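Asks: This is the structure, below, for whatever I ask next.
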Amino acid sequence: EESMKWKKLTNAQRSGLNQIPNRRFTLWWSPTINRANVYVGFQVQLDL
RNA sequence: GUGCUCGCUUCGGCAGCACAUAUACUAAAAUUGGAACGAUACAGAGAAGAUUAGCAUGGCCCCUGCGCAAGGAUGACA
């Protein structure tokens with residue numbers, strides 16, 4: 001992600017690269033955000 | 001069918017008369033065909049650059065060598 005910070009990327013490529021911090025934050029707090037206490041509703045299993 | 005004709009005619013009947021005027025995708029049944037993104041089976045990183053190593057070229061500035069052209073200043077008695 002650091003090496004790609006300056007490599008002449010298109011706007012759509014950079015927009016899809018400023019999401020890694022959000023993905024890492026969501027994964028760090030995943031045992032709390034994905035809880036079924038928060039987000040009441042049906043649960044879905046990843047098929048692997 | 002109902003009721004009526006001063007009709008034939010008998011109450012057993014007959015001839016005529018008024019009203020009735022055109023429903024239905026019509027259908028109960030006939031058959032043989034073509035068929036999932038529903039399951040199981042497979043795969044499943046389901047969103048990234050699709051790369052980095054040398055050398056040479058190209059630009060600028062010196063230094064050295066060779067060539068071409070045009071030149072400058074200087075040196076040498078018997």
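FYI, nothing fancy with the structure tokens labels: chains A, B, ... in order, residues from 1 per chain, ligands from 1 as they appear.
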Give me, as a PDB file with N, CA and C atoms (P, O5', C5', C4', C3', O3' and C1' of nucleotides), in the first residue's frame, the contact residues of chain B against chain A at a cut-off of 9 Å, counting only C-alpha atoms (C1' of nucleotides).
Replies:
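Resulting contents of part.pdb:
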```pdb
ATOM      1  P     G B  44      -9.957 -24.391  -5.050  1.00  0.00           P
ATOM      2  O5'   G B  44     -10.555 -22.951  -4.750  1.00  0.00           O
ATOM      3  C5'   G B  44     -10.276 -21.861  -5.614  1.00  0.00           C
ATOM      4  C4'   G B  44     -11.330 -20.791  -5.514  1.00  0.00           C
ATOM      5  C3'   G B  44     -11.587 -20.226  -4.131  1.00  0.00           C
ATOM      6  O3'   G B  44     -10.610 -19.293  -3.715  1.00  0.00           O
ATOM      7  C1'   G B  44     -13.643 -20.694  -5.165  1.00  0.00           C
ATOM      8  P     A B  47     -13.050 -11.095  -7.591  1.00  0.00           P
ATOM      9  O5'   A B  47     -12.693  -9.547  -7.548  1.00  0.00           O
ATOM     10  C5'   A B  47     -12.075  -8.976  -6.403  1.00  0.00           C
ATOM     11  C4'   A B  47     -11.461  -7.640  -6.731  1.00  0.00           C
ATOM     12  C3'   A B  47     -10.116  -7.358  -6.069  1.00  0.00           C
ATOM     13  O3'   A B  47      -9.310  -6.595  -6.964  1.00  0.00           O
ATOM     14  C1'   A B  47     -11.671  -5.700  -5.435  1.00  0.00           C
ATOM     15  P     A B  48      -9.040  -7.134  -8.454  1.00  0.00           P
ATOM     16  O5'   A B  48      -7.682  -6.433  -8.885  1.00  0.00           O
ATOM     17  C5'   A B  48      -6.579  -6.374  -7.991  1.00  0.00           C
ATOM     18  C4'   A B  48      -6.007  -4.983  -7.922  1.00  0.00           C
ATOM     19  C3'   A B  48      -4.522  -4.880  -8.230  1.00  0.00           C
ATOM     20  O3'   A B  48      -4.258  -3.605  -8.805  1.00  0.00           O
ATOM     21  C1'   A B  48      -4.911  -4.198  -6.003  1.00  0.00           C
ATOM     22  P     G B  49      -4.380  -3.400 -10.392  1.00  0.00           P
ATOM     23  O5'   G B  49      -2.946  -2.851 -10.813  1.00  0.00           O
ATOM     24  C5'   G B  49      -2.480  -1.596 -10.340  1.00  0.00           C
ATOM     25  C4'   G B  49      -0.974  -1.534 -10.353  1.00  0.00           C
ATOM     26  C3'   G B  49      -0.306  -2.138 -11.575  1.00  0.00           C
ATOM     27  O3'   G B  49      -0.279  -1.248 -12.678  1.00  0.00           O
ATOM     28  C1'   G B  49       0.783  -2.897  -9.611  1.00  0.00           C
TER      29        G B  49
END
```
Asks: Any chance you could list, as a VMD selection string, the residues in chain A that come up helix (DSSP H, G or I) when DSSP is run on the backbone?
Replies: chain A and resid 3 to 6 11 to 15 20 to 28 30 to 33
Asks: Take the residues from that selection and write them out as a CSV table (one decimal), in the first residue's frame, keeping C-alpha atoms.
Replies:
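As a result, again_34.csv now contains:
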```csv
chain,number,residue,atom,x,y,z
A,3,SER,CA,4.6,1.4,-2.7
A,4,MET,CA,1.4,2.0,-4.6
A,5,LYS,CA,0.9,5.5,-3.0
A,6,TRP,CA,2.7,7.0,-6.1
A,11,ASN,CA,-8.8,7.8,-10.0
A,12,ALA,CA,-10.8,4.5,-9.8
A,13,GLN,CA,-7.7,2.6,-8.8
A,14,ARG,CA,-6.8,5.1,-6.1
A,15,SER,CA,-10.4,5.1,-4.8
A,20,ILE,CA,-7.3,-0.7,2.9
A,21,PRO,CA,-7.3,1.3,6.2
A,22,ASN,CA,-11.0,0.9,6.5
A,23,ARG,CA,-10.8,-2.8,5.8
A,24,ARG,CA,-8.1,-3.3,8.4
A,25,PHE,CA,-10.1,-1.3,11.0
A,26,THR,CA,-13.2,-3.4,10.3
A,27,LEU,CA,-11.2,-6.6,10.6
A,28,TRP,CA,-9.6,-5.4,13.8
A,30,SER,CA,-14.8,-7.6,13.6
A,31,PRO,CA,-15.7,-9.6,16.8
A,32,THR,CA,-17.9,-6.6,17.8
A,33,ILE,CA,-19.2,-5.1,14.6
```
